[PDB]
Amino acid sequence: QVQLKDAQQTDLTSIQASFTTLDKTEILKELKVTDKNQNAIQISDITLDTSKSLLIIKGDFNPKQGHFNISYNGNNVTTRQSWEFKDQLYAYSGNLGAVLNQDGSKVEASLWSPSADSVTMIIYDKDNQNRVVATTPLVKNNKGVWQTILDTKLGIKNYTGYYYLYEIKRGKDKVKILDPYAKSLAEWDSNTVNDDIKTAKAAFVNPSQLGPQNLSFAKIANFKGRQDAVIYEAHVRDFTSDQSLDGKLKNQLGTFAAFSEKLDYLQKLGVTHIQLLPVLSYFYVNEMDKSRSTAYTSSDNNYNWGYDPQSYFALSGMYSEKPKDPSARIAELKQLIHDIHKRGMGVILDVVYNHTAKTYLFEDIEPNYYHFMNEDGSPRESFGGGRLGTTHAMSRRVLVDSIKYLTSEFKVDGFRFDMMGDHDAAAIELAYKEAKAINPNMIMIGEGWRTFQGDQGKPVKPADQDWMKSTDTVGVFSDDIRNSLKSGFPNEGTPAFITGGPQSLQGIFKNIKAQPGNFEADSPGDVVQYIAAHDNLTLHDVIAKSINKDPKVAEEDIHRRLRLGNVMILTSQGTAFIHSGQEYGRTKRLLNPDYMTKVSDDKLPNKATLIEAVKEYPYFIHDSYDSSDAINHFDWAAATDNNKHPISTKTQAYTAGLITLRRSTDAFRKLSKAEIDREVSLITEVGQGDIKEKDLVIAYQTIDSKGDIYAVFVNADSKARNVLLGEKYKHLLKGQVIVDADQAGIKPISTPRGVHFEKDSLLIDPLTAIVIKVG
């Protein structure tokens, strides 16, 4: 029953051969090894691993005479190079990609592909991307890097704006690939994909020549660390796709250039960093269709969040006014970023190295290497594409080089990693080190969910929530504070602190101190505090679902609860995170006539959540990645029109004032856990007055470096509550109210609403937040 299955070369003198089973003399009989020309190779020794049913074969296996044929009883298999051995032989540290000279007369090009028989560049007309104008063969060096220099010989005087693909030949097969180090691309429409050309085309550009030449990193006032960041998460389309802006907007809707026209709002709002959803090239899109999708739908829209990665260096053409000009988008993003920096803010880019849109994107270039792999060599896959194996040297280069390019070229102030837990901690550490070396004020965050897969049977320390106890570099989202305050996975819509579900106050209090219960944070900067984001139901919609009330009659109550949530996030230690629209009560309700009322299970709308109490239009979208502009647009009237929308504008002014408070004092922005435990204390301890172990009211006190004292009270109960102060906190009765039921800020409120001062206690109205300051 002993039969040879496969084999891999792992170093210069070693080959591992896998068998069906191994249950030494009798096998060094039958086993024979030959080179690429069928010539016999001497076996120095063998070792049997009966547990793994693999045979380790020793000898002199020169890879230049490879690959080797291993044979046993009629089975003949060809050796595959392991990724570790491919790194040993081919790991390259030189320049990759295509570089134009100053006047555009010459391009120096480089592509890494060590297993290729030949590599040919195909060049396409800048003014007609389907028109082939030239082809030229590249030459391979010792590290498997194919190179050429484009010049007058191809009949082209200036290569600027021209497009290119690489045709790689390995034996009988030929395939056309996209330069992974491409700095721009031809206008892209995924409908044009066929069997021959199935990627966008790279473009010849000179990034350094484009955009404002004095582009610099952010200058954020009183920003001394990741704990001082107040991050605002926006999608470039969403932020300016409102029909309300038609006739306002000097630039085209949903572009970098339009986004800049609304930065004053964000400057006033008070956020420090603007986080943009994926601006790098994504696959499922038609960039030549900028039309607004006006019907309320949750599927089959040109709209895309951008989590279908095509390139890690080249920007998407979707947010460019001139997608057919590959230089424009580089200039347009630089200008937006310069406009952000001018207003005292920073920019953070959402980046998606965990997976690609299509496994072939990298697998066509070099097989059995770039992706995390199964033991048979096949690529591990995720979300319809390939899992980038960032423990592998050239895959790690792609991540780190793109982070360095984006940082230094676009002067980016931070990065957010999608599914950071898919990655090894070493790659993200290195990315941080390199980024921080360029930009000393660099900050990084990411989704640290425990999702790691990696290479089969090759465990590695992942960059997830458990990494936080062994690093003070990248911070992770706190799902614990999210869930405890307003629900989330696996139980979205379940009553929680601000939605009528009593929670353990110690757990809430520890979250407020940046000490979540589901992972160890040894520093407050490890924790990104949030209750909403682009994913899942909006804060408004999840509140309405959780309490089961129709916004048509309960708009006011929903916003009272929403404001409590924003108070808690903006007075909690760590890094504060706000979803775009969280400030006004953004909604994703499906206002489609076909879903005026509850429909059958068979005809359910995609990615929608039913709120039973709603009479007309009961479905709300919890995953709007493929939803229309009608669903996804930022509602500017709701955000800024005081007369037409008094409730949402009151909520946004409330949120703006909470941001001012937060930035006004380091009481809410402490550096260490040590000082947090010593200087942030729980007023509502279990047994003080009517406070129970699980409850809906909480109060806490913090002190700043000037020792100024700030006390925050949140009554999330539906009845009034007396909060006991006693001899310990009686000094608070002499303080000034700076946040009440109606307004938030840093100035004393002369006649505060929702609170009454007693002898040694405070009487607080239902669904009311109070903040007192003692100078």
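Throughout, we count residues from 1 along the sequence that is shown.
Going from residue 23 to residue 24, the model skips 1 to 3 deposited residues, which lack coordinates. The mean C-alpha temperature factor is higher for 170-178 when 170-178 and 251-259 are set side by side. Stretches 32-40 and 743-751 differ in mean CA B factor, with 32-40 having the higher one.
Of all the options 115, 354, 441, 606, the entry's greatest CA B-factor is assigned to 606.
Residue-level inspection of the entry shows that, of 576, 337, 111, 554, 554 has the top Cα B-factor. The entry lists a Cα temperature factor for residue 91 that places it in the middle third of the chain's modelled residues.
Among the modelled residues of its chain, residue 635 has a C-alpha B-factor that falls in the lowest third according to the deposited record. In the PDB entry, residue 301 places in the middle third of its chain by CA B-factor. Placement of the Cα temperature factor of residue 104 within the chain: highest third of the modelled residues, per the deposited record. Sorting the modelled residues of the chain by their CA temperature factor places residue 675 in the highest third.
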